[PDB]
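Heads up: the structure comes next, in structure tokens.
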Amino acid sequence: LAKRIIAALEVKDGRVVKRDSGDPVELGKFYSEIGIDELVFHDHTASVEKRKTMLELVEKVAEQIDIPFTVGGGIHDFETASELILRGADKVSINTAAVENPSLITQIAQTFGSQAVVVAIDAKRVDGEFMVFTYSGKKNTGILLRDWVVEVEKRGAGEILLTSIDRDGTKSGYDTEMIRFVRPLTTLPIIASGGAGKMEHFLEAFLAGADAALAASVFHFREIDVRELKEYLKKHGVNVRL
Ligand code: NI
């Protein structure tokens, strides 16, 4: 029912990519304090140190933070997802590995529940169709967004993290056309991702049917105050946690 505001932290070798400004645990705690509802960590650590680095991150976050958090970035199998949830993550995000093996969604859900499984979907307009992209936007899968959304729910996912490659990195607004396209295809909670620049963008995403709105730099560089944002959304009829 209540719409969620979510902070994304991109991390590598235990540092926040761009007390300690770049300590993911400290920045995470700062966000829970100012009224962020959940965190998403996305790790780009080198294969050799990656497994250990992500387990150390989850351990250190789980004891210092009280709000729900998701971890992801290169989770390729059940064993990896399992060790991260058991070490303290509430949820894992899978994307490339989900597209390549949709049964991985069901495998994680069978042990940890559908609510522990976030499928991150990166989509872009190609020749007038919404297409699914894998490998951090490098590969057009040729799979229609319409088909993948329905399959992800069928396989037992709990939530969709929907990133518009067309808006990600810009401050031009969330892709409300893409959110409105996905909304009638699924009963799952949708996290809107990519394009947040100002408070009005959050209102537009919730009108489009997003259950949550994710951003990074607008919070990180304090272009948007989280308390001001929540006060703004409540003023215009959005059900937010205050
Ligand atoms: Ni990535």
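By order of appearance in the structure tokens: chains A, B, ..., then residues from 1 within every chain, and ligands from 1 in the order shown.
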I'd like a table as a Markdown table: residues in chain A with an atom no more than 8 Å from ligand 1, each row giving the shortest atom pair and its distance in Å to one decimal, only C-alpha atoms and all ligand atoms counted, sorted by chain and rising residue number.
```
| residue | atom | partner | partner_atom_place_in_ligand_line | distance |
| --- | --- | --- | --- | --- |
| A:42 | CA | ligand 1 | 1 (Ni) | 6.6 |
| A:43 | CA | ligand 1 | 1 (Ni) | 7.1 |
| A:44 | CA | ligand 1 | 1 (Ni) | 6.5 |
| A:73 | CA | ligand 1 | 1 (Ni) | 5.2 |
| A:74 | CA | ligand 1 | 1 (Ni) | 7.1 |
| A:135 | CA | ligand 1 | 1 (Ni) | 6.9 |
| A:136 | CA | ligand 1 | 1 (Ni) | 4.6 |
```
Write out as a Markdown table a residue-level contact list of stretch 58-156 of chain A versus stretch 163-169 of chain A with cut-off 9 Å: for each qualifying residue the closest pair of atoms and the distance in Å to one decimal, counting only C-alpha atoms, rows sorted by chain and residue number upward.
```
| residue | atom | partner | partner_atom | distance |
| --- | --- | --- | --- | --- |
| A:120 | CA | A:163 | CA | 7.4 |
| A:121 | CA | A:163 | CA | 6.2 |
| A:122 | CA | A:163 | CA | 4.8 |
| A:123 | CA | A:164 | CA | 5.4 |
| A:124 | CA | A:165 | CA | 5.4 |
| A:125 | CA | A:166 | CA | 7.4 |
| A:133 | CA | A:165 | CA | 8.8 |
| A:137 | CA | A:165 | CA | 7.3 |
```
Worksheet item: stretch 21-242 of chain A: which residues are helix (DSSP H, G or I) by DSSP, as number ranges by chain?
Response: A: 24-34, 47-64, 78-87, 96-100, 103-112, 114-116, 145-155, 176-185, 199-207, 217-220, 226-235
Worksheet entry | Selection near stretch 214-226 of chain A, 8 Å with only C-alpha atoms, sequence-local residues under 4 positions removed, as a VMD selection string | chain A and resid 5 to 9 34 to 36 191 to 194 196 to 199 230
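The residue set within 7 Å of residue A:176, counting only C-alpha atoms and dropping same-chain residues fewer than 6 places from it, reads residues 204, 205 and 208 of chain A.
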Dump of N, CA, C and O atoms for the selected residues, as a PDB file, in the first residue's frame:
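The file below, part-v5.pdb, is the result:
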```
ATOM      1  N   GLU A 204       5.382  11.608 -10.472  1.00  0.00           N
ATOM      2  CA  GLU A 204       5.071  11.078 -11.828  1.00  0.00           C
ATOM      3  C   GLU A 204       5.223   9.546 -11.835  1.00  0.00           C
ATOM      4  O   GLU A 204       4.332   8.864 -12.385  1.00  0.00           O
ATOM      5  N   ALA A 205       6.294   9.008 -11.245  1.00  0.00           N
ATOM      6  CA  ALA A 205       6.562   7.547 -11.206  1.00  0.00           C
ATOM      7  C   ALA A 205       5.437   6.830 -10.439  1.00  0.00           C
ATOM      8  O   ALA A 205       4.995   5.763 -10.882  1.00  0.00           O
ATOM      9  N   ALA A 208       2.292   6.627 -12.398  1.00  0.00           N
ATOM     10  CA  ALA A 208       2.513   5.623 -13.469  1.00  0.00           C
ATOM     11  C   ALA A 208       2.309   4.200 -12.920  1.00  0.00           C
ATOM     12  O   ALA A 208       2.165   3.265 -13.731  1.00  0.00           O
TER      13      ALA A 208
END
```
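Checking A:33, A:234, A:229, A:182 one by one against residue A:153, counting only C-alpha atoms, you find the shortest gap at A:182.
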Worksheet item: So which residues touch residue A:28 within 12 Å, counting only C-alpha atoms, skipping near sequence neighbours fewer than 6 positions away, as a PyMOL selection string?
Response: chain A and resi 6-11+15-16+20-22+34-41+57-58+60-70+216+219-220
Take the selection from the previous step and output its residues with C-alpha atoms, as a PDB file, in the first residue's frame.
```pdb
ATOM      1  CA  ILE A   6      14.915   3.450  -2.035  1.00  0.00           C
ATOM      2  CA  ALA A   7      18.623   4.511  -2.148  1.00  0.00           C
ATOM      3  CA  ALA A   8      20.974   2.591  -4.526  1.00  0.00           C
ATOM      4  CA  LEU A   9      24.699   2.297  -3.583  1.00  0.00           C
ATOM      5  CA  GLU A  10      27.094   1.178  -6.365  1.00  0.00           C
ATOM      6  CA  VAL A  11      30.136  -0.436  -4.609  1.00  0.00           C
ATOM      7  CA  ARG A  15      34.027   1.522  -1.558  1.00  0.00           C
ATOM      8  CA  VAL A  16      30.980   3.568  -2.749  1.00  0.00           C
ATOM      9  CA  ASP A  20      33.863   8.706   5.465  1.00  0.00           C
ATOM     10  CA  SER A  21      31.977   9.968   2.322  1.00  0.00           C
ATOM     11  CA  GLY A  22      32.724   6.683   0.414  1.00  0.00           C
ATOM     12  CA  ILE A  34      17.212  10.635   7.147  1.00  0.00           C
ATOM     13  CA  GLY A  35      14.218   8.344   6.300  1.00  0.00           C
ATOM     14  CA  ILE A  36      15.182   6.102   3.298  1.00  0.00           C
ATOM     15  CA  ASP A  37      12.802   3.027   3.361  1.00  0.00           C
ATOM     16  CA  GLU A  38      15.223   0.392   1.856  1.00  0.00           C
ATOM     17  CA  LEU A  39      18.761   0.118   0.365  1.00  0.00           C
ATOM     18  CA  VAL A  40      20.003  -1.629  -2.808  1.00  0.00           C
ATOM     19  CA  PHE A  41      23.748  -2.489  -3.049  1.00  0.00           C
ATOM     20  CA  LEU A  57      29.561  -5.905   2.948  1.00  0.00           C
ATOM     21  CA  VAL A  58      26.337  -7.834   3.893  1.00  0.00           C
ATOM     22  CA  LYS A  60      28.745  -5.130   8.160  1.00  0.00           C
ATOM     23  CA  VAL A  61      25.429  -3.628   6.791  1.00  0.00           C
ATOM     24  CA  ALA A  62      23.077  -6.149   8.591  1.00  0.00           C
ATOM     25  CA  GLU A  63      24.355  -5.288  12.125  1.00  0.00           C
ATOM     26  CA  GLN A  64      24.582  -1.443  11.617  1.00  0.00           C
ATOM     27  CA  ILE A  65      21.298  -0.933   9.626  1.00  0.00           C
ATOM     28  CA  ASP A  66      17.645  -1.807  10.605  1.00  0.00           C
ATOM     29  CA  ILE A  67      15.832  -1.134   7.229  1.00  0.00           C
ATOM     30  CA  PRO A  68      15.525  -3.851   4.516  1.00  0.00           C
ATOM     31  CA  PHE A  69      18.396  -4.179   1.999  1.00  0.00           C
ATOM     32  CA  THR A  70      18.925  -5.958  -1.328  1.00  0.00           C
ATOM     33  CA  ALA A 216      21.493   7.301  -6.086  1.00  0.00           C
ATOM     34  CA  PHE A 219      20.468  11.638  -2.590  1.00  0.00           C
ATOM     35  CA  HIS A 220      24.327  11.127  -2.520  1.00  0.00           C
TER      36      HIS A 220
END
```
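Ranking A:170, A:239, A:101, A:93 by their shortest atom-to-atom distance to residue A:114, with only C-alpha atoms included, puts A:93 first.
Using only C-alpha atoms, the protein and nucleic acid residues lying no more than 12 Å from residue A:51, apart from those fewer than 5 places from it along its own chain, are residues 12, 13, 14, 43, 44, 45, 46, 56, 57, 58, 71, 72, 73, 74, 75, 76, 77, 79, 80, 81, 82, 83, 84 and 87 of chain A.
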Write the selection just made, keeping N, CA and C atoms, as a CSV table (one decimal), in the first residue's frame?
```csv
chain,number,residue,atom,x,y,z
A,12,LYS,N,32.4,-1.2,-5.0
A,12,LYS,CA,33.5,-1.9,-5.7
A,12,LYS,C,34.7,-1.9,-4.7
A,13,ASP,N,35.3,-3.1,-4.4
A,13,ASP,CA,36.4,-3.3,-3.4
A,13,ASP,C,36.0,-2.6,-2.1
A,14,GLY,N,34.7,-2.7,-1.7
A,14,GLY,CA,34.2,-2.2,-0.4
A,14,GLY,C,34.1,-0.7,-0.3
A,43,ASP,N,27.3,-4.5,-6.6
A,43,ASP,CA,28.8,-4.7,-6.5
A,43,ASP,C,29.4,-5.0,-7.8
A,44,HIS,N,30.5,-4.3,-8.1
A,44,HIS,CA,31.3,-4.5,-9.3
A,44,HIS,C,32.8,-4.9,-9.0
A,45,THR,N,33.0,-5.7,-7.9
A,45,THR,CA,34.3,-6.1,-7.4
A,45,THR,C,34.8,-7.2,-8.4
A,46,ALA,N,36.1,-7.3,-8.6
A,46,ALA,CA,36.8,-8.3,-9.5
A,46,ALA,C,36.6,-9.7,-9.0
A,56,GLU,N,31.3,-9.8,3.2
A,56,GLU,CA,31.8,-8.8,4.2
A,56,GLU,C,30.9,-7.6,4.2
A,57,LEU,N,30.5,-7.0,3.1
A,57,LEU,CA,29.6,-5.9,2.9
A,57,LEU,C,28.3,-6.3,3.7
A,58,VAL,N,27.7,-7.4,3.3
A,58,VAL,CA,26.3,-7.8,3.9
A,58,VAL,C,26.4,-7.9,5.4
A,71,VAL,N,21.0,-7.0,-2.1
A,71,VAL,CA,22.4,-7.1,-2.6
A,71,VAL,C,22.3,-7.7,-4.0
A,72,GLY,N,23.2,-7.3,-4.9
A,72,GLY,CA,23.3,-7.9,-6.2
A,72,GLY,C,24.4,-7.4,-7.0
A,73,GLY,N,24.5,-7.8,-8.3
A,73,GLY,CA,25.7,-7.6,-9.1
A,73,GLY,C,26.5,-8.9,-9.3
A,74,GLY,N,26.3,-9.6,-10.3
A,74,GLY,CA,27.0,-10.8,-10.7
A,74,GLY,C,26.6,-12.0,-9.8
A,75,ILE,N,25.4,-12.1,-9.2
A,75,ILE,CA,24.9,-13.3,-8.5
A,75,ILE,C,24.5,-14.3,-9.7
A,76,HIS,N,25.2,-15.4,-9.8
A,76,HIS,CA,25.0,-16.3,-11.0
A,76,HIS,C,24.4,-17.6,-10.6
A,77,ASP,N,24.2,-18.0,-9.3
A,77,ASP,CA,23.7,-19.3,-8.9
A,77,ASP,C,23.1,-19.2,-7.5
A,79,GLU,N,23.9,-21.0,-4.7
A,79,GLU,CA,24.8,-21.1,-3.6
A,79,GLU,C,25.2,-19.6,-3.2
A,80,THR,N,25.5,-18.8,-4.2
A,80,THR,CA,25.9,-17.4,-4.0
A,80,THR,C,24.8,-16.6,-3.4
A,81,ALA,N,23.6,-16.7,-3.9
A,81,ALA,CA,22.4,-16.1,-3.3
A,81,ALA,C,22.2,-16.5,-1.9
A,82,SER,N,22.2,-17.8,-1.6
A,82,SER,CA,22.0,-18.4,-0.3
A,82,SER,C,23.0,-17.8,0.7
A,83,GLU,N,24.3,-17.8,0.4
A,83,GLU,CA,25.3,-17.4,1.4
A,83,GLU,C,25.0,-15.9,1.7
A,84,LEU,N,24.6,-15.1,0.7
A,84,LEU,CA,24.4,-13.6,1.0
A,84,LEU,C,23.1,-13.4,1.8
A,87,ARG,N,23.9,-14.6,5.4
A,87,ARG,CA,24.9,-13.6,6.1
A,87,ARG,C,24.2,-12.3,6.5
```
Worksheet item: as a ChimeraX atom specification, which residues of stretch 62-181 of chain A does DSSP assign to strand (DSSP E or B)?
Response: /A:69-72,91-94,117-126,129-134,139-144,159-164
Response to the item:
If you count only C-alpha atoms, the residue of A:99, A:150, A:105, A:118 closest to residue A:132 turns out to be A:99
